[PDB]
Each structure stands twice: as structure tokens, then as C-alpha cells.
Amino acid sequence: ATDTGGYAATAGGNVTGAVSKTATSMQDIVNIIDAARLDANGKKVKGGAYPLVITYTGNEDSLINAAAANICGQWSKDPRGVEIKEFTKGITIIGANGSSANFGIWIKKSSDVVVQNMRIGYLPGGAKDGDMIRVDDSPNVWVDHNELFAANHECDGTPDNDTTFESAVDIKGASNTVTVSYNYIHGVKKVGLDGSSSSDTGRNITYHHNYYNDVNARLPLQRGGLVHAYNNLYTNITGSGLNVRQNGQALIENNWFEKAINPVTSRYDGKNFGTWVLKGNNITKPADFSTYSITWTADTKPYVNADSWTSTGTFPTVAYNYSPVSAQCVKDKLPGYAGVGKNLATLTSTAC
């Protein structure tokens, strides 16, 4: 099946005639993908010659520990990452239990890509696009069960005062359908975009069963399109959460927000506010703002906050199938399903 629980419908590299390769390092992943471009004669096949399922068994904990030991030294270093450019045959990059990376995965102009069980933390090159996961012009991508972290901190002297670390799951271009699910994302300033700029609007993206903890902004920063956010556990949001902009429509349901500032908002442009449909969250009305430590701030430019906690628009009928658990259950159970080492386990009502 291609069931992801969201907009993306894909099995990645887990399809017929797929080649199974074990990568012991970042270079091993790079080499496997490059070999995968040639046929039996050594001639290049457009989009890849065959489907790939790469099991990453490398471990770069020394580097992640070193980066955590001096986080401000990260921005200036060379960014590291495995580019998955123009690979359309179906590819799955899955980390083995215990594997870790101090490099990110960069998906560009591809389709049918699955990234699972990868622990990516404290990446170098925040000043030069050292994203942890990047999806650009890539539809049918599944970013599932990964642990993406760093330090939710901004150092002084960084170019643009926004480059201490890069994003966790930036999505842009024609990544028409993407599902970001069961990821443990913590200690991350800029979590993820949905459109690199005001003009890059569109895409249908689903964020489900993600555990955001100690993150500052972009859960995501939506620009146009549709965003379906369900069963996500949003704790300790230091800046803003879902920022629905450029007339994007969101459906926020069965999520558990807590200790969050501006959890649902539309700010930073001053116009073209997006809309949201709120249903089944742990917060039902403003009265729960005190109960769940939900706080709101203003902005220098016109903005709209979900301080009334009422829907500001509508949402199309959800295409794919999904069965969401209660907000309380995500709060209870989700921390043991989200992330790596959970053997890609999913949260069902049976487990509530």
C-alpha cells in the first residue's frame, strides 16, 4: 500500500524490482544513489535505473555531541546532506535502529521518496542551507518517524540573525502532496516552511502524529494550499505554531497544544490571511487558554490570531482516509509512537 495517513500516496523504494542496499555512512548513501543511475551497460537512466531501499546503519553521534557542545560554531561550517535529485523510480531511505546522522536529506525534483527512522541533529551550515530534510518540487514524499533536533537558540553574529541552525522539514516548490508524520521534532527554531516565498503558494500537505517540543516557529509556515494537521502534540512553542498565510486553508483537529505562544495565527505579511477550521483539539474555547498555558502576542504588521478559538474559514473534504484519536490520547500515547526506534509504530484508538 501507499497509505501514509496524509496527502502523499507512496511506498517509496518499497516497490517491485527494488534494489536493497545498506549504507554505513553518508558517503555510502551518495554512492548507492549514483550507481542507481546507471543501467547494466553503465549508461544513465533518467529518473534512476531501478527502485531503491537504502538502510542506513551509520552512526555520527560524536559529531552531534560535538555540535551540541558548541552550537554557535555550527552556522559557519560546511552544510552536509544527501541530495535526492531527479530520482523518480521510488526510493526509501530508512535508518537502522541506533543509526544517527549529522547530515540532512535534500529532496529536489523527485517523486515517491520515503525517509523513515532517521535521527538527524545539530546540523552544520545553518548559514548555507544545512536543512535536516528538504522537499522541493517533490510530490508524493513521506517524511515519517524521524527525530529532528538541534537547539531552539539563536546566536549572535549569524548572517541575518536567523541562521544558527537551519530548518527541520522545509517544503517548497511543486511538492504537491507530502505527509510529515510521527516525527519527534525538538529544539528547533525554524521547523518548516510550506512555500519558500509569498509567491510559492500551493501544495497539499498533511502533518500528523508529530511531536513538537521546544520549537520556536513554523509548524508549518503555510503559504497557500491545504494543510491538514491532526493528532500532533505541540508542547513548548516559544514563538508561533501554525502560521496560515497567503490564503492557505488549514484543518486543525484532534491536536494537543500546551505551553504555546500564538499556536494558530496568520502574521508577518499583513495581508492575504489564511483560514482555519478547528475541531477536536484539547483547547475548545478561550477558557482552555489558561488551563493549557496558551498565550497570544501581537505583531508589528496586521495579523490574525485564533484567540477567539473559532474557525475563520472552511476546508475541502479530506481525500485520503485517516482515523484520528482524541487529543487526550495524543497527549498520553504519542510520545511513544513518534520518532525513531518505535519500529515505525502507529497510534490507533486501540492503544488509547
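The first residue of the sequence shown is number 1, and the count goes up from there. We call the rigid core whatever largest set of C-alpha positions still superposes within 1.5 Å between the two forms.
Core fit done; bigger CA RMS in 8 other deposited structures of this protein for 314-322 or for 37-45?
-> Between 314-322 and 37-45, greater C-alpha deviation in 8 other deposited structures of this protein belongs to 37-45.
Selected stretch [higher average CA B-factor]: 284-292 or 63-71 | According to the PDB entry, the answer is 284-292.
87-95 set against 151-159, stretch whose average Cα temperature factor tops the other in the entry = Between 87-95 and 151-159, it is 151-159 that shows the higher mean C-alpha B-factor.
For the listed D78, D136, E166, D194, which has the peak Cα B-factor recorded in the PDB entry?
-> So the option with the highest C-alpha B-factor is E166.
Could you say whether, by C-alpha temperature factor, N321 belongs to the lowest, middle or highest third of its chain?
-> Within its chain, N321 is a highest-third residue by C-alpha B-factor, going by the deposited values.
Relative C-alpha B-factor of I54, binned into the chain's lowest, middle or highest third = As the PDB entry reports it, the C-alpha B-factor of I54 lands in the lowest third of its chain.
Please place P302 in the lowest, middle or highest third of its chain by C-alpha B factor as given in the entry.
-> Middle third of the chain for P302's C-alpha B-factor.
Taking the entry's C-alpha B-factors for this chain, is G313 in the lowest, middle or highest third?
-> It belongs to the middle third of the chain when residues are ordered by C-alpha B-factor.
Looking at the entry's B-factor column for C-alpha atoms only, identify whether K259 ranks in the lowest, middle or highest third of its chain.
-> Within its chain, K259 is a highest-third residue by C-alpha B-factor, going by the deposited values.
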